[PDB]
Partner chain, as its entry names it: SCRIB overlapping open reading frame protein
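Form solved without its partner chain, single chain, as structure tokens, below.
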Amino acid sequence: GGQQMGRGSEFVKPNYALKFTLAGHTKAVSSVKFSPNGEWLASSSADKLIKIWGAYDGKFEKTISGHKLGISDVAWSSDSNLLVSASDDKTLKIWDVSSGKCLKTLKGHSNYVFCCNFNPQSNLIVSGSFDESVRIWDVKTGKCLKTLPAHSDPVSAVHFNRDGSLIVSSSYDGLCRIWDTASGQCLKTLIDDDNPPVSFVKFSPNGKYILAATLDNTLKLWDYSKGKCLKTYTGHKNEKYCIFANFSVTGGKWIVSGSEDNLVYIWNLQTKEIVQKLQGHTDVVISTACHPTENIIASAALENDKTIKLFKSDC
């Protein structure tokens, strides 16, 4: 399963190993994200809370509370100063991480908010809801700028591209769609062979590819421009949950994903071979994230487990 890097690194394989277990959520963990400055990890959970943890030492930092119901997702602003969280209470909240205070409550979704992201500039927030819409929000004012009639089933993920000009969304309706941020126009619908639920979607770091999870135990890498599936990653278990997937780019080039058999799966991006399965969790691994500058994976698991874990690799 080795990958070619430079001279003397012809067969690179990651060696992720567990360094810290982060306990404190009292229900299912739903989402973990590293802040872009690499200092912190935020976690959101069904217990209504967000927790901030040190990214390198896993030291508990603070609890941020105020949502009336479970939280499905959380995301950092580009300057690591703010958080947005998506909740079952039908709102998003924008948070000052330093103070722990709720800056804004974004109201307009008429059903659970399931997924969120800031644009790279961080003047906008994108959200996906059980209400089947994608909304675009002004961070400074709290206004809903746009409501996109995006899908015909709950919206599972939303993500901006590298320059903020495009939004990708995914849904149980079997579609992955790409929206023009400025116009709200649907630019592309990507769908393959079959029509399995699309459980996760995100742009690659350069914004030229889209990684999509489908609930038939498959991850795919798509060329966005050409509308074509380029790689298929299989082996893991994913038939039920909206699991987060990642591009790992700090060392070797990997795809990293949680999985319903309690493992983190890591694949060689080029050859599609499985290169690592990470043990330690005792329930579905619902979330994974990849540190922005170090080879660090954060994982998180569902209600039977309740833990976040940090693993580190030499590549």
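Numbering follows the first chain given and starts at 1.
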Tell me which of 112 to 120 and 139 to 147 has the higher mean C-alpha B-factor in the deposited entry. 139 to 147
Of 165 to 173 and 181 to 189, which one has the bigger average CA B-factor? 181 to 189
Between 157, 212, 229, 134, which one tops the list for C-alpha B-factor in the PDB entry? 229
Scanning 236, 93, 208, 220 for peak Cα temperature factor in the entry gives 208
Would you mind checking where the Cα B-factor of residue 126 ranks among the modelled residues of its chain, as the lowest, middle or highest third? lowest
Please place residue 315 in the lowest, middle or highest third of its chain by C-alpha B factor as given in the entry. highest
Would you check the entry's CA temperature factor for residue 306 and let me know if it's in the chain's lowest, middle or highest third? lowest
Sorting the chain's modelled residues by C-alpha B-factor and splitting them into thirds places residue 279 in the highest
For residue 34, does the deposited CA B-factor place it in the lowest, middle or highest third of the chain? middle
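Heads up, the form deposited with its partner chain bound isn't pictured, but that's what we're talking about next.
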On the criterion of a non-hydrogen atom at 4.5 angstroms or closer, are 16, 261 and 298 all touching its partner chain in the entry with it bound? no
Between 84, 71, 150, 168, only one gets a heavy atom within 4.5 angstroms of its partner chain in the entry with it bound; which residue is that? 71
Proximity to its partner chain in the entry with it bound, single hit among 160, 114, 95, 179 (heavy atom within 4.5 Å): 114
Could you tell me if residue 12 has a non-hydrogen atom within 4.5 Å of its partner chain in the entry with it bound? no
I'd like to check something about residue 197: if you look in the entry with it bound, is any of its heavy atoms closer than or equal to 4.5 Å to a heavy atom of its partner chain? yes
Contact between residue 29 and its partner chain in the entry with it bound at 4.5 Å, heavy atoms? yes
Applying a 4.5 Å heavy atom distance criterion, does residue 290 contact its partner chain in the entry with it bound? no
Any residue of 232 to 267 with a heavy atom within 4.5 Å of its partner chain in the entry with it bound counts; write them all down in order. 240, 241, 242, 244
